[PDB]
Amino acid sequence: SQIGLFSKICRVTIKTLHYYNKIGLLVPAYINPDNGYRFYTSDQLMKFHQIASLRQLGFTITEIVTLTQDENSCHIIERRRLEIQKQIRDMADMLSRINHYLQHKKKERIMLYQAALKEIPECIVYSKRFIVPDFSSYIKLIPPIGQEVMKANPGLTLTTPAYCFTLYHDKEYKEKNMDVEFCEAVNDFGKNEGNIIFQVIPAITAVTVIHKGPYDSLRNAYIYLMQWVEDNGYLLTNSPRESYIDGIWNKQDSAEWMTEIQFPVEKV
DNA sequence: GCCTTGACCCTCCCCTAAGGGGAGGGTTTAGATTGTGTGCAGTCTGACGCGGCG
RNA sequence: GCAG
DNA sequence: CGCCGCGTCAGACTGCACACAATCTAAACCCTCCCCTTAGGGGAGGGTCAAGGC
Ligand code: 118
Ligand SMILES: [Mg+2]
């Protein structure tokens, strides 16, 4: 059976048979030496059937070489079983994500906020946890802390890139009784004089959305994020953070400012 | 100024998986056919040299 | 096709 | 040795403008080699940037 007839028997292209010969997966029975023409037999169709049966299960080519040459190799198929289970979980989450994205673009003509699930590493921060009467009053008392901590810790260099955020330790919603904890990441340990202390903040996977503009609309992102958090079945494992990209330090106009709200979540 | 020095950074080349697509090369084709035809140009005269040829 |  | 046929060799110089050539046919197989597809990784080769000491 010449390669054309055989390629139509097994119903696959010629280049596929060329490739399977090139990698040594399916070798013709008899190659004519001067022309190089490949001729197969029935016992090449018998092997191509096994090859295609394994290849419909997603096995990579080298995995098929091993599956056909090494017997009692059930650990590689089980490994592939676990990987396929992981991709099914991931694809179902993707389904929920794309349903929510389509649900939004029909709900609003503009996508104001996209939600990204990113991993944030562990940090070394100086932290002050305290009650706040008003979030507007919360903004002013931070540069005093900036003076104070650099005073008490000489030569303490903050991490680059700068990570300056807020934990919201409140389990429900209110506007004037916010129990917050301001954390900012530095390089080394330090002195703990004052309400300012040092602590290690563990690495977390968190869904974050970046809101750009003034802070009075920031709650929007939270409602959105909360929707997201409930829609895709994620569970909020820790208190929500808010990391400051743009603000009074870089830029003077308060409408081009930008913060990023981060929800610590776990997949359940 | 004269140097070093570690940290960055750019471009470019090749690599990934499983083949697709094409370029550019080979090979055989088993009824039997068996001598080129342009509706060609040919149309320029005079001098000179050389060679068959009686 | 033309010019001298 | 003298003559006729045949072949070869020439045929003003500058300029513009215009403008070439135009018909004329195989197909079905196979092979190798090259470049391409994702979403960036890895690394050689070669600049560049603040810092510091001489
Ligand atoms: C110590 C404490 C706070 C700030 Sb900053 C800041 C943070 C990261 C990168 C750049 C600046 C600040 C504010 C105003 C003027 C100058 C600096 C800051 C304040 C509040 C919330 C988040 C960050 C700086 C040092
Ligand atoms: Mg003329």
Side-chain angles (χ1 to χ4, degrees), chain A residues 1-70 73-98 100-102 111 114-124 150 153-163 185-188 203 205-210 232 245 249-250 260 267:
Chain A
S1 59
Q2 224 172 12
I3 189 183
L5 183 63
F6 185 80
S7 88
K8 293 201 184 89
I9 285 178
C10 60
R11 300 184 189 87
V12 78
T13 43
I14 284 180
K15 311 291 294 180
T16 302
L17 294 184
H18 283 178
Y19 181 76
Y20 288 170
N21 186 16
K22 157 197 298 292
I23 62 189
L25 179 54
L26 171 67
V27 53
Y30 169 43
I31 302 184
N32 188 243
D34 37 353
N35 54 48
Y37 281 14
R38 297 169 181 85
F39 306 96
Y40 302 85
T41 299
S42 84
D43 42 10
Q44 316 308 109
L45 166 63
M46 179 275 295
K47 190 185 180 187
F48 182 90
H49 196 268
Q50 168 185 193
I51 288 166
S53 164
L54 294 169
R55 209 186 80 184
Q56 286 186 2
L57 272 66
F59 285 96
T60 299
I61 284 299
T62 179
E63 292 168 338
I64 308 180
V65 188
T66 302
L67 283 177
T68 60
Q69 284 310 121
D70 184 11
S73 295
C74 43
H75 86 279
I76 292 308
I77 53 181
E78 300 189 11
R79 187 167 73 178
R80 179 55 192 192
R81 200 260 287 268
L82 189 58
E83 293 177 350
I84 190 62
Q85 290 262 296
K86 186 200 306 186
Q87 286 114 3
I88 197 50
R89 299 172 192 115
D90 186 291
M91 201 64 72
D93 74 50
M94 287 290 193
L95 177 139
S96 56
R97 296 261 280 275
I98 205 56
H100 174 92
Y101 189 23
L102 183 53
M111 324 294 192
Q114 61 277 326
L117 194 148
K118 59 186 52 161
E119 64 89 20
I120 301 160
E122 188 253 333
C123 319
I124 297 283
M150 73 92 74
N153 272 143
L156 202 65
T157 182
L158 73 176
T159 55
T160 75
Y163 195 15
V186 295
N187 293 28
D188 304 308
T205 66
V207 190
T208 184
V209 173
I210 62 180
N232 310 64
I245 315 169
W249 45 90
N250 60 297
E260 65 104 1
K267 179 56 167 176

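Order of the sequence lines fixes the chain letters, A, B, ..., with proteins taken first and strands second; residue numbering starts at 1 for each chain.
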Work out which heavy atom in A:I120 is nearest to a heavy atom in A:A206; give both atom names and the distance.
-> CD1-CB, 4.0 Å
Given the sign of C1'-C2'-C3'-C4', the sugar pucker at D:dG11 = north
Can you list the residues that meet the ring-ring contact (aromatic ring centres under 6.0 Å, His included) rule with A:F59, with sequence neighbours excluded?
-> none
Mind checking whether A:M94 and A:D90 have side chains closer than 4.5 Å, heavy atoms only?
-> yes
Based on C1'-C2'-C3'-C4', put the sugar of B:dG49 on the north side (positive) or the south side (negative).
-> south
Taking the purine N1 to pyrimidine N3 distance and the second Watson-Crick contact, or the two G-U wobble contacts, each under 3.5 Å, tell whether D:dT8 pairs with B:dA47.
-> yes
Would you call A:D188 and A:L156 a side-chain contact if the rule is heavy atoms closer than 4.5 Å?
-> yes
Partner set under side-chain contact (heavy atoms from CB on, under 4.5 Å) for A:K118, not counting sequence neighbours | A:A116, A:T208
Sorted by chain and number, sequence neighbours left out, ring-ring contact (aromatic ring centres under 6.0 Å, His included) with A:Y40 holds for A:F6
Over its full length, what angle do the end axes of the helix from B:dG1-D:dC54 to B:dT29-D:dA26 make, each axis taken from five pairs and the result rounded to 10 degrees?
-> 50°
Six-membered rings of D:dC24 and D:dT25: centres under 5.5 Å apart, planes under 30°?
-> no
Kindly check if B:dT29 and B:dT28, neighbours in the strand, have base rings whose centres sit closer than 5.5 angstrom and whose planes are less than 30 degrees apart?
-> yes
Any chance CD of A:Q69 has more than 12 other-residue heavy atoms, nucleotides or ligands included, within less than 6.0 Å?
-> no
Has A:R38 got a side-chain N or O lying under 4.0 Å from the OP1 or OP2 atom of D:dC30?
-> no
If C1'-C2'-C3'-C4' is positive it's north, if negative it's south, so which is the sugar of B:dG26?
-> north
Scanning both residues in full, the closest heavy-atom pair of A:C10 with A:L45 reads CB-CD1, 4.4 Å
Going by heavy atoms closer than 4.0 Å, what residues in residues 51-65 of chain A are next to DNA chain B?
-> A:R55, A:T60, A:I61
Under the side-chain contact (heavy atoms from CB on, under 4.5 Å) test, which residues partner A:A29, sequence neighbours left out?
-> A:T41, A:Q44
Watson-Crick or G-U wobble mate for B:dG42, both contacts under 3.5 Å | none
Under the side-chain contact (heavy atoms from CB on, under 4.5 Å) rule, collect the residues that match up with A:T205, sequence neighbours excluded.
-> A:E119
Please indicate the pucker of D:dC3, north or south, going by the torsion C1'-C2'-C3'-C4'.
-> south
Report whether the bases of the adjacent nucleotides B:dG42 and B:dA41 stack, using ring-centre distance under 5.5 Å and plane angle under 30°.
-> yes
Heavy-atom contacts under 4.0 Å between residues 3-34 of chain A and DNA chain B, which residues?
-> A:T13, A:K15, A:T16, A:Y19, A:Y20
Without placing hydrogens or testing angles, list every side-chain donor-acceptor pair under 3.5 Å for residues 18-28 of chain A, not counting sequence neighbours.
unit_1 : atom_1 : unit_2 : atom_2 : d
A:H18  : NE2    : A:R38  : NH1    : 3.2
A:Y20  : OH     : A:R55  : NH1    : 2.3

Ring centres of D:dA12 and D:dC13 closer than 5.5 Å, with planes less than 30° apart?
-> yes
Examine the six-membered rings in the bases of B:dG26 and B:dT27 and report whether their centres are under 5.5 angstrom apart and their planes under 30 degrees.
-> yes
Under the side chain to side chain donor-acceptor pair (under 3.5 Å) test, which residues partner A:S73, sequence neighbours left out?
-> A:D70
Please give the nucleotide sitting opposite D:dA22 as a Watson-Crick or G-U wobble pair, both distances under 3.5 Å, or none.
-> none
Correct closest heavy-atom pair for A:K267 and A:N232 would be NZ-O, 3.3 Å
Where does D:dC24 land, syn or anti, once you apply the within-90°-of-0 test for syn?
-> syn
Is there a Watson-Crick or G-U wobble partner for B:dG37 with both distances under 3.5 Å, and if so, which one is it?
-> none
At under 4.0 Å between heavy atoms, which parts of nucleotides 35-40 of chain D does protein reach? Answer with one letter per nucleotide, 5' to 3': B base, S sugar-phosphate only, - none.
-> ------
Can you tell me the distance, in whole Å, between the OH atom of A:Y37 and the P atom of D:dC30?
-> 7 Å
Any-strand Watson-Crick or G-U partner of D:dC1, both distances under 3.5 Å = B:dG54
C1'-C2'-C3'-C4' based pucker assignment for B:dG21 | south
Pairwise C1' distance for B:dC40 and B:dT36, with rounding to whole Å = 13 Å
Taking the side chain as C-beta and beyond, is there a heavy-atom pair between A:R80 and A:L57 under 4.5 Å?
-> no
Applying side-chain contact (heavy atoms from CB on, under 4.5 Å), name anything that partners A:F39, two or more places apart in sequence or on another chain.
-> A:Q2, A:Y30, A:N32, A:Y37
